[PDB]
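The structure that follows is given in the form of structure tokens.
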Amino acid sequence: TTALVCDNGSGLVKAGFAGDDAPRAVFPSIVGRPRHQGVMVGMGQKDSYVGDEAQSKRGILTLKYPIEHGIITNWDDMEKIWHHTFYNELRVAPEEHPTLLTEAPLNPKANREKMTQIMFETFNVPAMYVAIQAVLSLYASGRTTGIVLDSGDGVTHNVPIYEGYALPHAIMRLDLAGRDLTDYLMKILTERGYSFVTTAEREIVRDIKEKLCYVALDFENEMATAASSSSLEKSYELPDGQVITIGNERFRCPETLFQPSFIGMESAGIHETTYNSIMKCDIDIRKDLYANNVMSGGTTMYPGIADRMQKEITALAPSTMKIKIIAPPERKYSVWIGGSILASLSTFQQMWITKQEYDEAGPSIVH
Amino acid sequence: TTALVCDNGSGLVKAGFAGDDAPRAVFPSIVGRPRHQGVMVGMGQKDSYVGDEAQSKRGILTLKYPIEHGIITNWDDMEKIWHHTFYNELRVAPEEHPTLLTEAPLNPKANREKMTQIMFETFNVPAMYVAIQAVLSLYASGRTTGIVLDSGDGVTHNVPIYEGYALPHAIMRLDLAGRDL
Amino acid sequence: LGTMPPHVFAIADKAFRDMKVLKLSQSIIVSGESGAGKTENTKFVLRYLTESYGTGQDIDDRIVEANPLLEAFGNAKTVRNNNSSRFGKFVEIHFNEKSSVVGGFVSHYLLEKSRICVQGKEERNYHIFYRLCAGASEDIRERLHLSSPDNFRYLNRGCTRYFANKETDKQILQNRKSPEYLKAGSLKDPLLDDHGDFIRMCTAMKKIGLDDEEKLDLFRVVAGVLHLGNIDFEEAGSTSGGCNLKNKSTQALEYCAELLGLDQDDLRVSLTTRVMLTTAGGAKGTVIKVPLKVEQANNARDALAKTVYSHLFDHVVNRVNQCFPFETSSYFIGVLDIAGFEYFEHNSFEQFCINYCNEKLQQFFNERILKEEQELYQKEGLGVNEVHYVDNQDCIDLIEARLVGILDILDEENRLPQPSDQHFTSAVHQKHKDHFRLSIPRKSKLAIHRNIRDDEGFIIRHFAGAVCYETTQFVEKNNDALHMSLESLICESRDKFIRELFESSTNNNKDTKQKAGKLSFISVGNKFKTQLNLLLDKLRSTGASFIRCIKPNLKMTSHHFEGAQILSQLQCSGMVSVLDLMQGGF
Ligand SMILES: Nc1ncnc2c1ncn2[C@@H]1O[C@H](COP(=O)(O)OP(=O)(O)O)[C@@H](O)[C@H]1O
Ligand SMILES: [Mg+2]
Ligand SMILES: [Mg+2]
């Protein structure tokens, strides 16, 4: 009876039935084949270990994340994520639940067609709907207007929604966050005499991406206080027993999110893509887009954002106008608690694609 | 019992019962359909907002003034003005009010007949009269002679009246103000 | 039969021989408008059964004495009459297989919890708060941090006047009098005296079991509900949090944590946040806090105040149920006391719950008073042919119907982001097919319904008449959502008396992965539908007898019969149609 909200993150695929509390399953999504010769020869070893078992087995596998910039690595591994998750974690019956899968606002077709069709033919769900991750963060946020930031590894997006219609001519996709923040952190960690070249070793970087990084007060002045080294240099210990003491790079990695000259793309930072999306909205409406600027995801969890982001936008946005940035706790699960609110609401249970509709149209007419 | 004065404004439709003080309703006049895709869970939102609520929704609607060049656009939006005003503004009962509608001296027929006729069949009005807006300004001014100016968005008119006769050889209508301004 | 001239005791002798004939339990249902003697004539029935048939109870007197005590807790002032009950008590006097009287049980159904938060303009709140700020001494009122009614948020709406006699009025000190009491003094009634009824409450408290020190811990709970209501909230967060408190509400939060016994810091980060965890969703995690909105902090404070009054009223009736407990059982005589069709000139949510209960009682009366009785005229020698009743089952399956009923649109509005009473009113006529039981105010020819605009209320035609309900604060009244951080604080209060206001089946064991976090929203409209259909299964499964009490005038004056006031209580209670089926061929 009750529908299932399953969010296709790249992290951190998230799964839990429709409301009223925290996701039942969150897991690191990786598939890894064993790349070594296991000369003990039990045998009995899985051909593909999925997450979480592939995050215990670091260094004996070659990790492959299921989606790469919002596009599948192949649907053989994607389907295997889903099957593993549904059967040996949740223990759900496929014929019992209408499902909900998520996608990105400007994601290339036919990835939603092919998906919807494969999940209907493989798992034989009786109904399905696909919501964009930004729209679900509006319902979680509980406001009626505003620009939504779904920033996860490896694609961020900037969608403006107004009372409660969508503006088609102001949607911005930046490929800046978050896998490029992982790669940039890996590129500036070599400077301190250690290296993490393998797929498994990139995970060790991911753990330092969570815990140790910080964001500048203002770049130019944080660079000033950088010449003093005591507060700047903090020493982390890593699971191989080694202690790495990182300085400038501690604030350098998140600072990438402003002015991505470090990545080398010609597009501007979140600061300016925000302003240029607001001034692509209609002249009358812009007044109430200010103070409904809402961040979301897990890659917005660095400490000095959003109050860096706020102070910078407020300087470029019109005077007198109040720019209030909205960044509550829980944002990593925002999308998911959003999805829960949606699939629990009548009447919009009846805006799902039902089996009769799918049987007629097949992979045609999604929208 | 009491009569109801509803001025079919060019602007700016004005409504209030007869005697004594000021109108009870002023609103910009606009009807507006929604000009963008509605992503929200929603979904009770009006397909046509009238004023004043259609001036609380600027930029997400396409505003259409119901009276253009002093002529009704279609009676579909005009009736919707009437229905919205009478029911959720004035809160008037259908057969309790003798009504008063306004017009312009050189405005083409069958605009005043079809209006008068539809308004009698739709709202079931017990009695009705239609006055030109210049004639009403005689009572407001409190004089019995003079040239009268009803100038609204977008038709002005110029009627000379002499104690208290109308002059057919001197009535001028200019398409000079105010939507053209 | 034929040896009893009409009297109340001719009904009580009849509903005791059906316990000996067909051997089925009988429920006495007293109907009639409010303030009509349905509680006073009931005390005469309980004296008749324990003389004429039953070999007595433990003691008679406690049941009589403690009834006005629970009417301090449940009675208020309404537009129709001054002393009206805002609760539907259901007495269950138990007997056994032989028919020995083993003891009683008093409960309550339809408690007007909304009244605690909002008191209208000429209504009161509950009658226990006006007996505590009027009757409590000056070495008692300073200790419980009490003052005149204008200081409390839950007493700054409605009427703040005390019901007090001329001699009583001057014997209440001036400091306990509000600006409305300075403006227009006491409310005048010959039988309602708030300071007198505080003495007949506290004397009756020591008659059901309470120690005089234990009444003071009951006064700390009532004053703690008053000083909880006084917390005034505001906005917060540089990068957006959700809610904080006001500066003047720091002294009020300290006196609230002094009366309840729960800490101020642990309540300040619980009225402002939605606590959730990530431990359940993984193999390891943490417990974060997500700030609530400003309206959800005020609505949570109101749900926390209504939750304490719910369990204090159930703890008080358990103390009374303990003063005449039952033994082995099988037969039983129930006595219902609830108000019939109490509608006014401004009707809200609680008058729709009264009229919804009346549509179910009238559908009960068509299958217990008309169907069974005329089946007995059609079998007891005469053989009489059927006359059909005028059905109303379609009005019930408009109010409470699953997915297409009214409460299924009201409860769907509260779960929606940004709930609206105009959006819910327009959704009722949008989901409705516009059938004769329901229409918008503009479709009524009455002048009183002329002033209501079509998105500010709706008219339901009920069997006893057409009642218009305004939708101002309708969605707000249905919310009662109790947050999980507040459940592990008010139930688990540091003070033992407060903690012992909760027990089984309300309190129960839990363990990790049970498998979900419920009941979240809860829903007031489905709280009453769950307990109303549960009491409906006890009325359809048991026998019954019907007494209806009509007032001779609405001023409660002796020797005065008014042909307009008596007729309206006969026309708003089901009389003409039921006395048209019964006529038939004989
Ligand atoms: N405390 C933190 N600080 C910085 N980054 C974090 C933190 N926690 C998680 N992240 C990053 O956020 C990502 C998860 O984002 P998520 O909201 O799951 O995106 P999506 O939902 O699109 O998959 C992870 O890849 C991780 O690198
Ligand atoms: Mg995403
Ligand atoms: Mg004009």
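Residues displayed in chain A correspond, in order, to Swiss-Prot positions 7-373.
If you're wondering, the header gives electron microscopy, 5.5 Å.
Even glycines carry a Cβ here, placed using N, Cα and C.
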Check each of the ranges A:70-83, A:112-125, A:266-279 against Swiss-Prot and return the one annotated as region 'Interaction with alpha-actinin'.
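Comparing A:70-83, A:112-125, A:266-279 with Swiss-Prot, region 'Interaction with alpha-actinin' matches A:112-125.
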Swiss-Prot lists region 'Interaction with alpha-actinin' for one of the ranges A:152-164, A:204-216, A:243-255, A:360-372; which is that range?
A:360-372
By a Cβ-Cβ criterion of under 8 Å, what residues six or more beyond either terminus of the region 'Interaction with alpha-actinin' (A:360-372) are in contact with it?
116, 118-120, 122-123, 126, 132-134, 136
Between A:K63, A:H75, which of the modified residues has the fewest other CB atoms within 10 angstroms in the structure shown?
A:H75
Taking just the CA atoms, what is the gap between A:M46 (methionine (R)-sulfoxide) and A:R179 (ADP-ribosylarginine) in Å?
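Rounded to a whole number, the Cα-Cα distance is 49 Å.
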Under DSSP, the region 'Interaction with alpha-actinin' (A:360-372) has how many residues in helix, strand and coil?
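DSSP classes over the region 'Interaction with alpha-actinin' (A:360-372) add up to 7 helix, 1 strand, 5 coil.
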Across all the protein chains here, work out how many other Cβ atoms are within 10 Å of the Cβ of A:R179 (ADP-ribosylarginine).
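16, counting other Cβ atoms within 10 Å of A:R179 (ADP-ribosylarginine).
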From the Cα of A:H75 (tele-methylhistidine) across to the Cα of A:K86 (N6-methyllysine), what is the distance in angstrom?
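So the alpha carbons of A:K86 (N6-methyllysine) and A:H75 (tele-methylhistidine) sit roughly 19 Å from each other.
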Given A:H75 (tele-methylhistidine) and A:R179 (ADP-ribosylarginine), what distance in Å do their CA atoms have, once rounded to a whole number?
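With distance taken Cα to Cα, A:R179 (ADP-ribosylarginine) is 11 Å from A:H75 (tele-methylhistidine).
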Count the residues of the region 'Interaction with alpha-actinin' (A:112-125) that DSSP assigns to helix (H, G, I), to strand (E, B) and to coil, and report the three numbers in that order.
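Helix/strand/coil tally for the region 'Interaction with alpha-actinin' (A:112-125): 7 helix, 0 strand, 7 coil.
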Roughly how many Å lie between the Cα atoms of A:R179 (ADP-ribosylarginine) and A:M49 (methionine (R)-sulfoxide), rounded to a whole value?
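Answer for this pair: 47 Å between alpha carbons.
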